[PDB]
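I have placed the structure first, in the form of structure tokens, so that the comments after it can refer back to it.
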Amino acid sequence: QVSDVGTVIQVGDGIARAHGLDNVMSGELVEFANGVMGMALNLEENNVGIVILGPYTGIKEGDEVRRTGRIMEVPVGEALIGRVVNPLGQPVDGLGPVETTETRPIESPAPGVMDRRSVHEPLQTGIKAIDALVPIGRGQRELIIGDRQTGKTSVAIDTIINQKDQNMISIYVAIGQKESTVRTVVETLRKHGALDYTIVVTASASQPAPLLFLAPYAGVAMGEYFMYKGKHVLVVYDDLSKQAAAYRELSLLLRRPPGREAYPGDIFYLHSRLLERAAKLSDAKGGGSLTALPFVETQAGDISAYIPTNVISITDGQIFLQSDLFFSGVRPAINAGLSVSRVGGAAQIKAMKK
Amino acid sequence: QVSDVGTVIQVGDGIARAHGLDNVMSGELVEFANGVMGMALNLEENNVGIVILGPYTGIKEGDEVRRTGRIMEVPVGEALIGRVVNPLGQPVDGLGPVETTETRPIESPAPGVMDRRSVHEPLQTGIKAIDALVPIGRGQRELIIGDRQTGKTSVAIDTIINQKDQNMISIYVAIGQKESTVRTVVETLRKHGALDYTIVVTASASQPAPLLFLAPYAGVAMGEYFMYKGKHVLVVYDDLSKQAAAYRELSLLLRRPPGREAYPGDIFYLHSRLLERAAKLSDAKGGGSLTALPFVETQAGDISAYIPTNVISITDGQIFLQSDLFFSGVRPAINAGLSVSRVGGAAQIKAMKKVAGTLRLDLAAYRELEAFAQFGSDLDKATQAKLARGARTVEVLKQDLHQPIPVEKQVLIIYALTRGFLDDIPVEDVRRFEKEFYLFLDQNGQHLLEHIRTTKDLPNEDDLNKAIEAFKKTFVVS
Amino acid sequence: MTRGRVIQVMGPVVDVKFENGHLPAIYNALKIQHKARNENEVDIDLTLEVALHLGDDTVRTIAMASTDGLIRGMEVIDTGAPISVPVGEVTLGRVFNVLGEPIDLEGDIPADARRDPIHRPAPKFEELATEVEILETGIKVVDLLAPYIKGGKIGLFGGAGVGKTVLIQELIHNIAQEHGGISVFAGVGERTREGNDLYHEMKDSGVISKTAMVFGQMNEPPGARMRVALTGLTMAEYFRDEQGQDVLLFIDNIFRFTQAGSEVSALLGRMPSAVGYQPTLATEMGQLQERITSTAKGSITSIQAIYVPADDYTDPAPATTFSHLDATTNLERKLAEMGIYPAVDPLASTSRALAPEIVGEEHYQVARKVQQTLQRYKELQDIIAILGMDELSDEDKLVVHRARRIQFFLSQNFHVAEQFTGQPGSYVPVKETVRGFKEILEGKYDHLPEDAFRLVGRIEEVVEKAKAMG
Amino acid sequence: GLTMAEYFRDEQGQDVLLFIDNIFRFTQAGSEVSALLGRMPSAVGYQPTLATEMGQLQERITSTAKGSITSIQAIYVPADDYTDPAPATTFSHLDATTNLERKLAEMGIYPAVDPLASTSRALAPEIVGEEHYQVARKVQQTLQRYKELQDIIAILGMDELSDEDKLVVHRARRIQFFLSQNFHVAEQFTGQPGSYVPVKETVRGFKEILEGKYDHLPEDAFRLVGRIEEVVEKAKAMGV
Amino acid sequence: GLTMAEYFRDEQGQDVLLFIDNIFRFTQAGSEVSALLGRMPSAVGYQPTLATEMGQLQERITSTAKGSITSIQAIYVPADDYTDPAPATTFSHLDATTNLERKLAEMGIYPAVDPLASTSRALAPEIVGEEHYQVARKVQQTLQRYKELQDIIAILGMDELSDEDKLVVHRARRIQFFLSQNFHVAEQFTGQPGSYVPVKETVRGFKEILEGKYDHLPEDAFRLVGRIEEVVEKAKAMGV
Amino acid sequence: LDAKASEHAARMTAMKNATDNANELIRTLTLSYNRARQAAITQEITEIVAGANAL
Ligand SMILES: Nc1ncnc2c1ncn2[C@@H]1O[C@H](COP(=O)(O)OP(=O)(O)OP(=O)(O)O)[C@@H](O)[C@H]1O
Ligand SMILES: Nc1ncnc2c1ncn2[C@@H]1O[C@H](COP(=O)(O)OP(=O)(O)OP(=O)(O)O)[C@@H](O)[C@H]1O
Ligand SMILES: [Mg+2]
Ligand SMILES: [Mg+2]
């Protein structure tokens, strides 16, 4: 019987190949013998290609793999607020289990052309430079771009803190950061009281590449749960460049032919699929909104690089933070020449604009 | 049928694949039916990849190949002195057999951490710039790097010739060169008398790739025999880049996965294995030493290429030669600013150390002020003394072909330069001043020269000043 | 069943076939011990690390030493665990290789000693410290202008003759003396001559008894050069976790760790990444760096020397390495020649810890004032060289007067330099450093000669030295 | 062709001249068939056995005790990149080398030989003579100095140079033009018959130019002439 | 979309406007698919069939005797690399191209059209008129001369330029600024309403600028105005 | 005398500005050179591997 049970054939570098699993669906979750989860990626004629969502040391040739019957999913709900979880939804803060009762698919279609509405509500970040020169609206996708040690995390944390007295759920997604920095960020949020409305999703630099791949999608699914219920959500992706690097690693391990800067062909699709889910819904759909603030780290301020240009061609504007301006004492180092909000102004309040 | 025999399946491009040979070892020698040797490098599931150490045109599919039961090894002994030989130990000079009674394996472990000693003895090259600014000690690994036609071979030949009256055995390894070029080098060594202590190992461009791959290992294996006996050996590898290219060819023909610039993954491991066998041994096992001078040829001065970066990482110091310096008239063409030696003053005598610091400071100050040379024509300021001193220093550091200088004479001329005795000689006369000064020294300063040779320290300052002034009042400015 | 047999040998890569259902796990250590059965064989003592499961009950491994003399079909033993090295008090004062075997000639460790696996997951989220803490080193320039963080990573930049070894020895000595923490030195890609010299220097200085040394030499295979850093880290983690200490870890050059990773990836045949590096560059760097952290009961702080290929800071290896750094220390040959023996560049060195939230308002202000004064003095150099001191205005002369004294007061007499100079060393608390620099900036000592500031500890020693001179 | 020449070298002891039209095509053909033969590609798309194949051919072209072969080979440089593996490997097989630059060819100087990159083992004081050696080295030094001045000239103009640098430029331009020559086989391109110049004559002419005997002559009179007296005749025709 | 447009072109003889939002995404998606189909990758990882697919799409977009289709297509340039295969292969399918430059966009010049790289088949004296052709060619000549000086101005400014080059820069900066325009659509980014400029007015204004009529006006008065009279009006509004 | 002083001051200022501009140009050119170098190495290694696994 090889309909719901398989046997591992090859293991290496976080990918595996299994025999059997006749009835497995494409994109399904599978569970290894030791409890580690995986995702069915390729359904070939005689074998299944599985991406391992965890530590692959304990997985060996000849081990048993079984079906879960569910497309790749994460738990969602209000019980997830105030907790720190991994991209699979497992808590990592040590405060016990999570009492969610429903799930959402990690890959979901974006709202259609007729399901959307123009952005018309301000999102107050509390930072004078942003709220004056580059306003952000609810439902907008605004890129924050700059070199390392320039204050992107500080901008995101201030924005999240400012949402205390505003109807706004915040989700902070950390991809490839240091666990110590994530711990300190969570401590500052706890001190300022933002954990009453914030969810933290973490996948540190020691984690395997598939988790860094999946973290933004888990975050956006958790946000979509609230957005389709009529609420307003803010989502922050702390590095999309780290996610791009992780996906490049996975693609090269699958021996797919690389292109510019060794990135795969669908590196643009990877980010466009994710960022298209942020939108301002129409009255018929309920009026909910989801706002995304992706981060991109440049090298020596080169805005013309592959990943920066890809992300710029997706979002609705960008805020450029300048390193030498940062060193000169202007810590919110906005470069007003390069920063722009395409769908701003319409969301800015009347008193502020005039 | 037996595990000691095999049959050839494929022949081509200098490698063969054989079925059978179940008990063959990795790196073992094998013998083909027509008598050509081979080396087993790839042990696969059902076949063995063999690189051929000779003409492969006589080998066909189905030919028998046999075990030898031995690892690669070369003859070693004092009978190799004065001979020119190939990496297998077979003479190529046509002077008869070699008459050697001992062998040593090609691959050998390097001396351990606790078997070594700090480098403390100078290797006198006879080149003023090297002996003063980038010293080389016994047991050191020093890289000579530059573009083509910059003087790399000339530096090595002068260094080998300078070892005549020193207890040093020289080994010159030629990799991928013309046989005519090797013949010319051997002729120059014979003319200058260096064949009384020199061994030449050659693997020319027409030889099979494994011979070029194995030549430096043969050279270092021959050197280790003298090193472990308590003697001091100098080894020169003339093209590590060509050796690396030969290894790349073999690896690609054996279908091993390629890396950057199509080199295999262990190309760094190859050169580190080679260059870590040069060492200065501790007193517990004789004070023997082996010093290495690998060569690397750069393309358009790009020292960031893969092989140059590997060798620069491995070695203890670098000497850079530049073509613009070569054509400017800087005759040894050594860039003293870029070149570095991490042994430093530990490889110098006291007399040289007491003047080298001043020489380096003057040269650096000149290089920093070189842009002001045009504006000194109207005497804008008093820093022009530094410019004059730097010009005279550059004139002093020049040297001719195949004329190494004794260390005492180098010390005396550098002392004269740094103490200001050349400040009134025009820069056009410094070379002739140095030549006449050496002649005057040979005539009258024998006590000073003997004092330096015996005590390794400077003579009395007053005596040096008196001798220099006595020569100076007889020198005639052109 | 743990017996396998060699089926393929291709350089440092070995394929081993095991019985069905008894495959070893990834990163397990395999042992080959063979005695020459006849005259056509050689003795073998080799260790292999499992890398992949190829299917058909075969495993691809990377060798920890040379594979010469291997024969297809010889027996391979599975140890059932990754590489394991001794830990504890027994490792202090010893020199090891990647396998945990002593390289010195002092004798081997008894087989009953505790051994820990080299590969382990990083500490969990709830085991980490929630607040940032300064590590006091006792060195004035480091404590003022580039503070260290407990559990942080510090990049070390410099050449050969700038005193890197002396700085390392002084850090080891000061940490052992004042905080009670040991140090571990990890020589990734170490040259044998320099390793011998470093061992003798440490033995002469006396810091050898407080440190454990691991050398991965250049002539060793890429697998060994890749795993040396991890074995050193495992040695330090025991003292972090069991003894609750604050431990220093030194890595000889982490670029060589990345290069060894690239070589191993090329040998295993994976597709190259951007500039020829391995696809798993960031993952490997993270798996190394994330274990150097501060926990609820101790910390490991790391000083790492970094080589920048072609001076390109945009190169992927330096770019990935800098993503984990918290501070930067630069050594300047110009200062070394001027006689500032700590030789730390005061303007180039940077630290994220220099912020008033964690270091203090007074400390922050004093540091910024010092940096501003030294920058102005740096600017005035050309006009001083051209027109001389007398042509400057009065406030420029005052700036020069303060700046030279500050520059000299940034020097310090080290404990490990006593064997050469005859002068005892000093340990200066950060509070004393801040107070002394504040007093110098306020002009409390404008009348003292500049030589009185040369090589001293606290500010009172400047007054004592000036009084002794006259 | 090589075996045809080797017969005369060995069996008759004759002196042989061997001209090869373009030796790069041998390597190029090998690289064309390498992939179909089934060999993995090397660095720049060449075959792995590039150096060995080149050596097995080049080492046969040599003089021996029985006879001498003097050979002139034309070597193509792909995309003007002298670091290309084929010319880079070929360099080690030669005793004398001539480097042609389209930088000089574009300026109207023919035969467009690079005066610095070209090397020969015969340029030694004991082979060509002390005077010849000194003149050649001084010419190379002057041209090398002129090369460095161009970068600052293009920015700051000629007026800011010192009097020594101005004289260096003045003489270097004339030397570079005098290195040109009119060939017999290039009448279809130049419109005038070619010239033959003895080595003594060219040494004396360059020595006079270095000494400054012809500083007053216009620099265009030095183009494509031959002997030094032809420069004077050309300038006289131009009306100087 | 092309199938929907072809019906109106053929069955009804209509004139059709076809706007394509980004034609580069078509080839990008083709390259994403091609890897999984089993094809060997081309130069920059693109599909080997890049040219044929683009040709088969573009050759259908054409005017015939039955009706005419005029199409305006936006083409994305990855990483601002104009030598990329996808932008490079689409050039041969176009009758007119306008190339936008980030350098111009950053200097505040919109629509940021590169005036030298943009080309059209319609720029010929028998199509647009003799004076139109002369004015366009002279504008392009001045802009080329200005471009040739950029390194000198970058290093040491305008102080060491000759008098002719100073006038060239003076005219060229004003021409470059006058090529900018305020769009109707851009009224949402800034309160300034847009303008529609007839080609006769454009030709007359550029001819007047070339003739030196407005050399005394400040160069900031030429930004984003439209007709030439607005330059005078805004110069008067500011200080003049 | 006043004119001579003015001329020397003007030369000093102009050369200072020229030096600063040249330094900035050197910085940007070095950045572009390093980008080109990395892109090259990527291209050759990708072509090598594509040819190798095409067999
Ligand atoms: N407005 C501000 N005022 C003062 N200090 C600030 C401000 N914004 C940021 N900083 C400080 O500057 C530093 C910037 O670090 P931050 O994490 O915010 O930047 P980043 O770009 O996200 O960094 P990285 O990529 O290294 O994580 C921190 O030490 C932070 O405390
Ligand atoms: N100090 C010197 N004085 C004069 N001529 C020199 C000097 N050094 C080298 N040369 C000459 O310069 C040329 C360089 O030849 P050499 O073999 O030394 O160079 P190389 O760098 O080893 O080049 P190759 O690539 O040909 O092996 C030779 O003609 C040599 O005679
Ligand atoms: Mg951050
Ligand atoms: Mg040579």
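Labels used: A, B, ... for chains in the order of the structure tokens, numbers from 1 for residues in each chain, and numbers from 1 for ligands as shown.
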Mind running chain A against ligand 1 at 7 Å and telling me each contacting residue's nearest atom pair with the distance in Å (one decimal), counting only C-alpha atoms and all ligand atoms, chain and number ascending, as a Markdown table?
| residue | atom | partner | partner_atom_place_in_ligand_line | distance |
| --- | --- | --- | --- | --- |
| A:146 | CA | ligand 1 | 21 (O) | 7.0 |
| A:147 | CA | ligand 1 | 21 (O) | 6.4 |
| A:148 | CA | ligand 1 | 25 (O) | 4.1 |
| A:149 | CA | ligand 1 | 23 (O) | 3.9 |
| A:150 | CA | ligand 1 | 21 (O) | 4.0 |
| A:151 | CA | ligand 1 | 18 (O) | 3.2 |
| A:152 | CA | ligand 1 | 22 (O) | 4.0 |
| A:153 | CA | ligand 1 | 22 (O) | 3.7 |
| A:154 | CA | ligand 1 | 18 (O) | 3.9 |
| A:155 | CA | ligand 1 | 8 (N) | 6.8 |
| A:331 | CA | ligand 1 | 2 (C) | 4.6 |
| A:332 | CA | ligand 1 | 1 (N) | 4.9 |
Might you pull out every residue within 12 Å of segment 31-40 of chain F, with only C-alpha atoms counted and same-chain residues fewer than 6 positions away left off, and present them as a count of residues only? 35
All residues having an atom within 12 Å of ligand 4 (only C-alpha atoms and all ligand atoms) as an NGL selection string: (:B and (144-157 or 173-178 or 181-182 or 184-185 or 236-239 or 295-297)) or (:D and (91-95 or 121))
For the residues in that selection, give me C-alpha atoms as a compact mmCIF listing (two decimals), in the first residue's frame.
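The new file again30.txt reads:
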# COMPACT_ATOMS: atom_id res chain seq x y z
CA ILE B 144 57.63 36.01 -6.81
CA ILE B 145 54.71 37.37 -8.83
CA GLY B 146 54.39 39.54 -11.92
CA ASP B 147 53.48 39.71 -15.57
CA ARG B 148 55.42 38.10 -18.39
CA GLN B 149 58.88 39.45 -19.24
CA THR B 150 59.37 41.31 -15.95
CA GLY B 151 62.47 39.52 -14.62
CA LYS B 152 61.13 36.67 -12.49
CA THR B 153 63.51 34.08 -13.93
CA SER B 154 66.45 36.48 -13.69
CA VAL B 155 65.79 36.99 -9.97
CA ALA B 156 65.84 33.24 -9.36
CA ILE B 157 68.98 32.68 -11.45
CA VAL B 173 62.07 23.08 -11.27
CA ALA B 174 60.98 24.05 -14.79
CA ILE B 175 57.29 23.49 -15.51
CA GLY B 176 55.78 23.89 -18.96
CA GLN B 177 58.73 25.73 -20.49
CA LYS B 178 60.51 25.24 -23.78
CA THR B 181 64.74 27.80 -22.66
CA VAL B 182 65.67 25.18 -20.07
CA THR B 184 69.78 28.11 -22.01
CA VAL B 185 69.16 28.37 -18.26
CA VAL B 236 62.37 27.24 -7.07
CA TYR B 237 59.09 26.41 -8.85
CA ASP B 238 58.96 28.30 -12.12
CA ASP B 239 55.27 28.00 -13.10
CA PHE B 295 56.45 31.73 -9.20
CA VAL B 296 53.05 33.01 -10.32
CA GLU B 297 52.45 34.79 -13.63
CA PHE D 91 53.62 33.45 -25.43
CA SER D 92 55.83 30.93 -23.63
CA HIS D 93 56.88 29.18 -26.86
CA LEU D 94 58.58 32.17 -28.54
CA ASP D 95 62.02 33.76 -28.50
CA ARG D 121 66.00 37.53 -26.17
Neighbours of ligand 3 at 12 Å or closer, counting only C-alpha atoms and all ligand atoms: which residues, as a PyMOL selection string? (chain A and resi 144-157+172-182+184-185+236-240+242+295-297) or (chain C and resi 323-324)
Mind writing the picked residues with N, CA, C and O atoms as a short mmCIF file (atom, residue, chain, number, x, y, z; two decimals), in the first residue's frame?
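So part.cif came out as:
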data_model
loop_
_atom_site.label_atom_id
_atom_site.label_comp_id
_atom_site.auth_asym_id
_atom_site.auth_seq_id
_atom_site.Cartn_x
_atom_site.Cartn_y
_atom_site.Cartn_z
N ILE A 144 10.71 50.25 1.77
CA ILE A 144 11.72 50.94 2.56
C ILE A 144 13.07 50.33 2.21
O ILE A 144 13.29 49.13 2.44
N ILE A 145 13.96 51.14 1.66
CA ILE A 145 15.18 50.64 1.03
C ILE A 145 16.37 51.44 1.53
O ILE A 145 16.28 52.66 1.69
N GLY A 146 17.47 50.75 1.80
CA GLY A 146 18.67 51.40 2.27
C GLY A 146 19.70 50.37 2.66
O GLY A 146 19.42 49.17 2.71
N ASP A 147 20.91 50.85 2.92
CA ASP A 147 21.99 49.97 3.33
C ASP A 147 21.81 49.52 4.77
O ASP A 147 20.92 49.98 5.49
N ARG A 148 22.66 48.59 5.20
CA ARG A 148 22.62 48.12 6.58
C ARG A 148 23.05 49.24 7.52
O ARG A 148 23.82 50.13 7.16
N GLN A 149 22.53 49.18 8.75
CA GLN A 149 22.79 50.20 9.77
C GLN A 149 22.33 51.57 9.29
O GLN A 149 23.12 52.52 9.18
N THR A 150 21.04 51.68 8.98
CA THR A 150 20.47 52.93 8.49
C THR A 150 19.15 53.26 9.17
O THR A 150 18.68 54.40 9.07
N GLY A 151 18.54 52.31 9.88
CA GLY A 151 17.39 52.59 10.70
C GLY A 151 16.07 52.04 10.20
O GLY A 151 15.01 52.51 10.66
N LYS A 152 16.09 51.07 9.29
CA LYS A 152 14.84 50.52 8.77
C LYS A 152 14.04 49.84 9.88
O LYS A 152 12.81 50.02 9.98
N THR A 153 14.71 49.07 10.73
CA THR A 153 14.03 48.42 11.83
C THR A 153 13.46 49.44 12.80
O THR A 153 12.36 49.26 13.33
N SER A 154 14.20 50.52 13.06
CA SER A 154 13.70 51.56 13.95
C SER A 154 12.45 52.22 13.38
O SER A 154 11.49 52.49 14.11
N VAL A 155 12.44 52.48 12.07
CA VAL A 155 11.26 53.06 11.44
C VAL A 155 10.07 52.12 11.59
O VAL A 155 8.96 52.55 11.95
N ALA A 156 10.28 50.83 11.34
CA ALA A 156 9.19 49.87 11.46
C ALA A 156 8.66 49.79 12.89
O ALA A 156 7.45 49.73 13.11
N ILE A 157 9.56 49.78 13.87
CA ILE A 157 9.14 49.66 15.26
C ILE A 157 8.38 50.90 15.70
O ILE A 157 7.37 50.80 16.41
N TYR A 172 4.69 41.65 12.47
CA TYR A 172 6.10 41.87 12.20
C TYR A 172 6.73 40.54 11.79
O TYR A 172 6.72 39.58 12.56
N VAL A 173 7.27 40.50 10.58
CA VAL A 173 7.88 39.29 10.03
C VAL A 173 9.37 39.54 9.93
O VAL A 173 9.81 40.45 9.21
N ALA A 174 10.16 38.73 10.63
CA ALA A 174 11.61 38.86 10.60
C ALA A 174 12.18 37.69 9.81
O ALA A 174 11.97 36.52 10.17
N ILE A 175 12.91 37.99 8.74
CA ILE A 175 13.50 36.98 7.87
C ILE A 175 15.01 37.13 7.93
O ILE A 175 15.55 38.17 7.55
N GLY A 176 15.69 36.09 8.41
CA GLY A 176 17.14 36.07 8.39
C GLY A 176 17.83 36.99 9.36
O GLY A 176 19.02 37.25 9.20
N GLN A 177 17.12 37.50 10.36
CA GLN A 177 17.75 38.37 11.34
C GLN A 177 18.37 37.56 12.46
O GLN A 177 18.27 36.33 12.51
N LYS A 178 19.04 38.25 13.38
CA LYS A 178 19.61 37.59 14.54
C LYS A 178 18.55 37.39 15.61
O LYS A 178 17.71 38.28 15.85
N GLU A 179 18.58 36.23 16.25
CA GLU A 179 17.61 35.93 17.31
C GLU A 179 17.72 36.93 18.45
O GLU A 179 16.72 37.26 19.08
N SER A 180 18.93 37.40 18.74
CA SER A 180 19.10 38.40 19.79
C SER A 180 18.39 39.70 19.42
O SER A 180 17.73 40.32 20.27
N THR A 181 18.51 40.14 18.17
CA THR A 181 17.82 41.35 17.74
C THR A 181 16.31 41.16 17.78
O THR A 181 15.58 42.08 18.17
N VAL A 182 15.83 39.99 17.39
CA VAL A 182 14.39 39.73 17.46
C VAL A 182 13.92 39.77 18.91
O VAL A 182 12.85 40.31 19.22
N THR A 184 15.27 41.48 21.40
CA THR A 184 15.25 42.86 21.86
C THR A 184 14.08 43.64 21.28
O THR A 184 13.48 44.47 21.97
N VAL A 185 13.74 43.39 20.01
CA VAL A 185 12.59 44.05 19.39
C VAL A 185 11.31 43.67 20.12
O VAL A 185 10.46 44.52 20.41
N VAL A 236 4.87 43.98 8.08
CA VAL A 236 6.24 44.42 7.84
C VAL A 236 7.10 43.20 7.54
O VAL A 236 7.15 42.26 8.34
N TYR A 237 7.77 43.21 6.39
CA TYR A 237 8.73 42.17 6.02
C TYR A 237 10.13 42.75 6.21
O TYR A 237 10.52 43.67 5.48
N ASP A 238 10.88 42.21 7.17
CA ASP A 238 12.07 42.92 7.61
C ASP A 238 13.22 42.85 6.61
O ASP A 238 14.03 43.78 6.58
N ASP A 239 13.33 41.78 5.82
CA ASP A 239 14.21 41.73 4.64
C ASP A 239 13.55 40.83 3.60
O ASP A 239 13.31 39.65 3.87
N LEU A 240 13.28 41.38 2.42
CA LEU A 240 12.93 40.53 1.29
C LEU A 240 14.17 40.06 0.55
O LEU A 240 14.11 39.07 -0.18
N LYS A 242 16.84 38.77 2.03
CA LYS A 242 17.17 37.49 2.63
C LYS A 242 16.28 36.38 2.08
O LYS A 242 16.75 35.26 1.82
N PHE A 295 11.03 45.45 3.16
CA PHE A 295 12.36 46.04 3.30
C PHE A 295 13.30 45.42 2.28
O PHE A 295 13.23 44.22 2.00
N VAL A 296 14.19 46.24 1.73
CA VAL A 296 15.24 45.78 0.83
C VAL A 296 16.55 46.42 1.27
O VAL A 296 16.61 47.63 1.49
N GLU A 297 17.59 45.61 1.40
CA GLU A 297 18.91 46.10 1.77
C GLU A 297 19.78 46.20 0.52
O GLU A 297 19.97 45.22 -0.19
N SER C 323 26.84 41.15 8.16
CA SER C 323 25.45 41.11 8.61
C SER C 323 25.32 40.67 10.06
O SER C 323 24.27 40.87 10.67
N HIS C 324 26.37 40.08 10.63
CA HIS C 324 26.34 39.60 12.00
C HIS C 324 27.19 40.43 12.96
O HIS C 324 27.09 40.22 14.17
#
Give as a VMD selection string every residue of chain B that touches chain D within 6 Å, counting only C-alpha atoms. chain B and resid 205 to 206 249 261 to 262 299 327 to 328
Go ahead and write the residues just picked, N, CA and C atoms, as a PDB file, in the first residue's frame.
ATOM      1  N   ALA B 205      56.735  21.455 -22.258  1.00  0.00           N
ATOM      2  CA  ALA B 205      55.361  21.588 -22.728  1.00  0.00           C
ATOM      3  C   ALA B 205      54.885  20.379 -23.520  1.00  0.00           C
ATOM      4  N   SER B 206      55.797  19.608 -24.113  1.00  0.00           N
ATOM      5  CA  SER B 206      55.394  18.451 -24.901  1.00  0.00           C
ATOM      6  C   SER B 206      55.101  17.226 -24.049  1.00  0.00           C
ATOM      7  N   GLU B 249      43.393  20.321 -16.444  1.00  0.00           N
ATOM      8  CA  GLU B 249      43.163  19.481 -17.615  1.00  0.00           C
ATOM      9  C   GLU B 249      42.873  18.045 -17.206  1.00  0.00           C
ATOM     10  N   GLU B 261      36.634  29.388 -12.801  1.00  0.00           N
ATOM     11  CA  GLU B 261      37.590  29.266 -13.903  1.00  0.00           C
ATOM     12  C   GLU B 261      37.852  27.810 -14.269  1.00  0.00           C
ATOM     13  N   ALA B 262      36.864  26.945 -14.044  1.00  0.00           N
ATOM     14  CA  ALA B 262      36.891  25.521 -14.365  1.00  0.00           C
ATOM     15  C   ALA B 262      37.928  24.742 -13.566  1.00  0.00           C
ATOM     16  N   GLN B 299      48.039  37.983 -15.316  1.00  0.00           N
ATOM     17  CA  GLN B 299      47.556  38.458 -16.603  1.00  0.00           C
ATOM     18  C   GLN B 299      47.101  39.899 -16.444  1.00  0.00           C
ATOM     19  N   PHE B 327      60.212  49.444 -17.618  1.00  0.00           N
ATOM     20  CA  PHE B 327      60.503  50.342 -18.728  1.00  0.00           C
ATOM     21  C   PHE B 327      60.943  51.724 -18.276  1.00  0.00           C
ATOM     22  N   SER B 328      60.654  52.108 -17.033  1.00  0.00           N
ATOM     23  CA  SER B 328      61.161  53.375 -16.523  1.00  0.00           C
ATOM     24  C   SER B 328      62.662  53.341 -16.292  1.00  0.00           C
TER      25      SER B 328
END
Could you find all residues in segment 203-322 of chain A that DSSP calls strand (DSSP E or B) from the backbone, and write them as number ranges by chain? A: 203, 232-237, 280-281, 289-297, 317-321
Excluding segment 23-35 of chain A and residues on its chain fewer than 4 positions from it, collect all residues at most 7 Å away from it, counting only C-alpha atoms, and give them as a list in words.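 Answer for this query is residues 3, 4, 39, 40, 41, 43, 63, 64, 65, 66, 67, 68, 69, 70, 71 and 72 of chain A.
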